[PDB]
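Every heavy atom of this structure was used, including side-chain atoms; hydrogens, water molecules and symmetry mates were not. To find a chain, count down the sequence lines: A is the first, B the second, and so on, and within it residues start at 1.
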Amino acid sequence: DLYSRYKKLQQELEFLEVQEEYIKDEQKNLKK
Amino acid sequence: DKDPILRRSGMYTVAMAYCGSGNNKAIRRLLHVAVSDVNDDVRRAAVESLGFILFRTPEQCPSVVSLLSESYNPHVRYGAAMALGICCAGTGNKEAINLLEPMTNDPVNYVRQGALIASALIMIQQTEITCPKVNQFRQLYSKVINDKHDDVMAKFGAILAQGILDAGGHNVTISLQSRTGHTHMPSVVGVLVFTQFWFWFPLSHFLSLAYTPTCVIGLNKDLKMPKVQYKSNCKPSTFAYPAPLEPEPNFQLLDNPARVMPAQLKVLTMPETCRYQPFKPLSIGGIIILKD
Amino acid sequence: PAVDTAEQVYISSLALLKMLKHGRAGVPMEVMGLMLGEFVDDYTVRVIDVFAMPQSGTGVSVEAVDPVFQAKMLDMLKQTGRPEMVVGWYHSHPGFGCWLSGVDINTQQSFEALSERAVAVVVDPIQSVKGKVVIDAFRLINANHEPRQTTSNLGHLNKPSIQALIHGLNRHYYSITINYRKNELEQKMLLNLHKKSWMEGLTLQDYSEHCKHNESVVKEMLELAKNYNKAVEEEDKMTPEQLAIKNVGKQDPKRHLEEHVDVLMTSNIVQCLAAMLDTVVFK
Amino acid sequence: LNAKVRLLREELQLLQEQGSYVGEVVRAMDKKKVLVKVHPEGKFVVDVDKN
Ligand SMILES: [Zn+2]
C-alpha cells in the first residue's frame, strides 16, 4: 500500500514536470 | 524530415512504438511537435498519438488534452477529440464525455465530426445507468443527422457515431488491451487505420479489427457448448440493451453464450446448483472451460 | 468520371512570386498570364512556372494581343529545359477577392475545351499581406448531381468566402486546394534569403551614438515615471468600466516604461556581450 | 494567450459585419416603438430590441 502510494506520487511528479515543460513551450509558440 | 507527411509518419511510429507504455520521452516529443510544428496535419497526428501512448491510464489523457482541445487551431482540437476517443475507448469516462460535449457544437464542421466519433467510441455499449449522457448523445446524433441545414461532414460524423455506438448488434466493445493486460495488435492497427479516414473513406472498414466481442462462453470436455445459465448479481435494467425504438429484480440469469459486459464481469457468478463449474474465475471473462 | 475533392494544385514558389509581382504591378487591371505544369495523376495538377504575355486593356477588361509570343515562349523554354505545357491561366483581381466573372468563365471554358483538367488561378495582390496571400484555384461545372466525389475530408476544409459564394462559387465553378510543396534547394534558399553577413554580427556600434540614445531614453523614462506615479494614485477612484476607456487618447506610462526597459536592456546587453567577445577574439 | 489569438483570428470576419446608425431619440410611443432622428436622414418609427 505505502509502496504503491510512493510510486504513484513519483509518477505524478514526472507527469507534472512533463506538463510544465509542454505548457512553457506552448506559451512561447503562442507568442509567435 | 522536411516532408510533412514524413513527419506525420514519425508521429505515428512514435505512437506505435511506445503504444501503451506511458513513456515520458514519447509524450514530451508528441506535445512538442503538437505545439510547435508548422503543418496542421502533423499537429493533429501528434495530438492523436497521445491516446495510443496513454491508453492504459485513461484518467490521465484528459489532463493533457483538455487545454489542447480548448485551442485556437481546429486541427489540434480535432486531434484532442480523437485522442480522448482512442485513450478512453470502451471506458465511458466522465471527464472525456464532459470534454467532448462542448466540442460537439464547435464552429468547425470537422471538429464536430471528430467530437461525435470520439464520443461514440467512448460510450460504446454503455447504458443510461452506467453513463448518464448516452441517451443525450443518441438524441444529438439523431438531431444532427436529421437537420437539413447542417454540414455534410458533421452528418458523416453523426452517422458513423450511430454505427459505432451500436456495433456487432450490441455485443462488441473496443479495448486496446486484452482482458489479461496485453496490447491487442489487431485493435491498435484497426484504430490507427480508421483514424486514417481523414484521407481515404474506404479505410473506415478497419474498426472491424478493433471490435472485440464481449461474451462469456462456456465449453465442455469435448469443446462443445453446454446449456449452462450464468448469474449476474445486478439489476435487469442496468447492463441491458437500451430499447427497441418505436419492484426491480436484484438478480438475472444469462444463457451460454451470454452477452456479458466488461463491467458485468466483476459481478457475474455461477449458481452452485448447476453441475458445471468454471475452471478460472468467471470474472476474467472470455472463453471458459466448464468442469463437471 | 469522378474528379475528386482531394485533388490539389501544387504552386511552386517561383510561380507564386511571379504571379504576385505581375498582379501588383498591374494594380488597377486584371493582368494575366499562362501557367506551365504537368497533370500528374488525377489528384495533382503541378504548376511549376508562369510567364506573363503581351496584353493590353482597360480597368474593366484585359486581353492578350499576340499568340505568336506564347508559342515562341513555349518553344524557347522547351529548348532550355522546361518541356512543360500550359495547364491553365492566372489573372489578378485587385481587391475584389478571389472568384471568376463571366469573361473569366468564358476563357476557362476555352481552356477546358482544349484540356479537360485546366485550372484558373485568381491572385489578389492588394488584399495580400505579409503572412498570407489571397489565392484560389477554380474549375467549371457543366450544365448538370454533384460536381465532384468526396473520398476524404481534404476538400471540405476551407469554408468558402461570402464574396466568392455571391459571385458564383459552388454554382458555376468549384475551388481546388492549393498546396506549396517545395524541394530542398528551394527551402534552403528561402531560409537563407534573410541571412546577413557574418561581420555585421560582430560589428560594434558607435559609442557616442549609443550613449546618446541611452541618455535620451532615460530622460524620457523620468517623465514617464512622474506620469506613472500620477496614474497609480488613480485606479481606485475609477469605475470598473471607466478604467478601460481611461486609456483612450491618453498615454500609458506603464506600457511605455515596459517598452523602454525592453529596448534598453536588449541594446546594452548586446553591446556589452559583443564588446567582450571582440576583446577575446581579436587578440 | 490562446484566447487572445483566437479572438484576433475571428476578428477578421467579425469586422465585416455592418455598422449601426447612431440616432437621437425624440419620444417613445405606441406598443414598443420609438421615434428617432437618424442624421442626416429624416426620422423613423423604429422598434426596440427585446433586451
Ligand atoms: Zn476575373
What's the separation between atom NE2 in B:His184 and atom SG in B:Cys19, rounded to the nearest 0.5 Å?
12.0 Å
To check you understand the geometry: which heavy-atom pair defines the closest contact between A:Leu30 and D:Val5, and what is its length?
O-CG2, 4.0 Å
With a cut-off of 6.0 Å (strictly less than), are more than 12 heavy atoms of other residues, nucleotides or ligands near CZ of C:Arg117?
yes
Determine, using ring centers only, whether B:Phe156 and B:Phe201 are less than 6.0 Å apart.
yes
Could you check if a side-chain atom of B:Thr195 sits within less than 4.5 angstrom of a side-chain atom of B:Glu48, using non-hydrogen atoms only?
yes
Surrounding CD1 of C:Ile162 (heavy atoms of other residues, nucleotides or ligands, distance under 6.0 Å), is the total greater than 12?
no
Close side-chain approach of C:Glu30 to C:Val122, heavy-atom, < 4.5 Å
no
Above 12 or not: heavy atoms from other molecules or residues under 6.0 Å from CZ of D:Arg6?
yes
Quick one about C:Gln108 and C:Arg139 (side-chain donor to acceptor, distance below 3.5 Å, no hydrogens or angles considered), yes or no?
no
For C:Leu169 and C:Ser175, work out which heavy atoms get closest and say how close.
CD1-N, 3.9 Å
Quick one: ring-ring contact (aromatic ring centres under 6.0 Å, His included) partners of C:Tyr173, sequence neighbours excluded?
C:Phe138
Is any NZ, NE, NH1 or NH2 atom of the basic residue among B:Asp37 and B:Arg7 found under 4.0 Å from an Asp or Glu carboxylate oxygen of the other?
yes
As an exercise, state the distance from CD1 of B:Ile145 to CD of B:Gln162, rounded to the nearest 0.5 Å.
3.5 Å
Evaluate side-chain contact (heavy atoms from CB on, under 4.5 Å) for B:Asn73 paired with B:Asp40, printing each intermediate quantity in order.
CA-CA 8 Å; B:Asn73 213 297; B:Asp40 304 322; 3.6 Å; yes
Around B:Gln60, counting heavy atoms of other residues, nucleotides and ligands shown, do more than 12 lie under 6.0 Å from its CD?
yes
Test item: side-chain donor near acceptor, B:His170 and B:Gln125, under 3.5 Å
no
For residues B:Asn171 and B:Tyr241, is any side-chain donor paired with an opposing acceptor at under 3.5 Å?
yes
Minimum heavy-atom separation for B:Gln126 and B:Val134, please, with both atom names.
O-CG1, 3.4 Å
Does any non-hydrogen side-chain atom of C:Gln187 lie less than 4.5 Å from one of C:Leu190?
no
Donor + acceptor pair across side chains of C:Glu186, C:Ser13 (<3.5 Å):
yes
Taking the side chain from C:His167 and the backbone from C:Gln163, do they hold a donor-acceptor pair closer than 3.5 Å?
yes
Tell me whether the count of non-hydrogen atoms from other residues, nucleotides or ligands lying under 6.0 Å of CE in B:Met185 goes above 12.
no
With a sphere of 6.0 Å drawn around CG of D:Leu7, does it hold more than 12 non-hydrogen atoms of other residues, nucleotides or ligands?
yes
Within this structure, what is the CD1-CD1 distance for the pair B:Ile122 and B:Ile97, rounded to the nearest 0.5 Å?
4.0 Å
Looking at B:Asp3 and C:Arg181, is there a salt bridge between them, counting it only when a charged N and a carboxylate O are closer than 4.0 Å?
yes
Any luck finding a side-chain donor-acceptor pair between A:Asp25 and B:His32 under 3.5 Å?
yes
Do C:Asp4 and C:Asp42 have side-chain heavy atoms sitting under 4.5 Å apart?
no
How about B:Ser119 and B:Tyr141: does a side-chain donor come under 3.5 Å of a side-chain acceptor?
yes
For C:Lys132, look at atom NZ and say whether over 12 heavy atoms of other residues, nucleotides or ligands are found less than 6.0 Å away.
no
With the side chain counted from C-beta on, respond yes when C:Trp89 and C:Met32 share a heavy-atom pair under 4.5 Å apart, and no when they do not.
yes
Under 3.5 Å side-chain donor-acceptor pair for B:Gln113 and B:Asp151
no
Please test C:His22 against C:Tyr90 for side-chain contact (heavy atoms from CB on, under 4.5 Å), starting from the C-alpha separation and ending with a verdict.
CA-CA 10 Å; C:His22 189 200; C:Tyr90 81 93; 3.1 Å; yes
Test salt bridge (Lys or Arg N to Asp or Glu O under 4.0 Å) on B:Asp150 and B:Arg112; report intermediate values, then the result.
CA-CA 11 Å; B:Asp150 202 1; B:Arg112 289 201 297 272; 3.5 Å; yes
Work out which heavy atom in C:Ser110 is nearest to a heavy atom in C:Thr107; give both atom names and the distance.
OG-O, 2.7 Å
Nearest-0.5 Å distance that lies between atom CG in C:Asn170 and atom CD in C:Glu146:
9.5 Å
Residues 68-118 of chain B vs ring-ring contact (aromatic ring centres under 6.0 Å, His included), sequence neighbours excluded, gives B:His75-B:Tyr110, B:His75-B:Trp198, B:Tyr78-B:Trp198, B:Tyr110-B:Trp198
Are more than 12 heavy atoms, taken from residues, nucleotides or ligands other than A:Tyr22, located less than 6.0 Å from that residue's OH atom?
yes
Which value, rounded to the nearest 0.5 Å, describes the distance between B:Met16 atom CE and B:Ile53 atom CD1?
9.0 Å
How many angstroms lie between atom CZ of B:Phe55 and atom SG of B:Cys88, to the nearest 0.5 angstrom?
12.0 Å
Using the test ring-ring contact (aromatic ring centres under 6.0 Å, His included), find all partners of C:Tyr43 that sit at least two apart in sequence or belong to another chain.
none
Donor-acceptor pair, distance only, cut-off 3.5 Å: does the side chain of B:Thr13 make one with the backbone of B:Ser9?
no
Indicate yes or no for a side-chain donor-acceptor contact from B:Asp106 to the backbone of B:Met103 under 3.5 Å, with no hydrogens or angles considered.
no
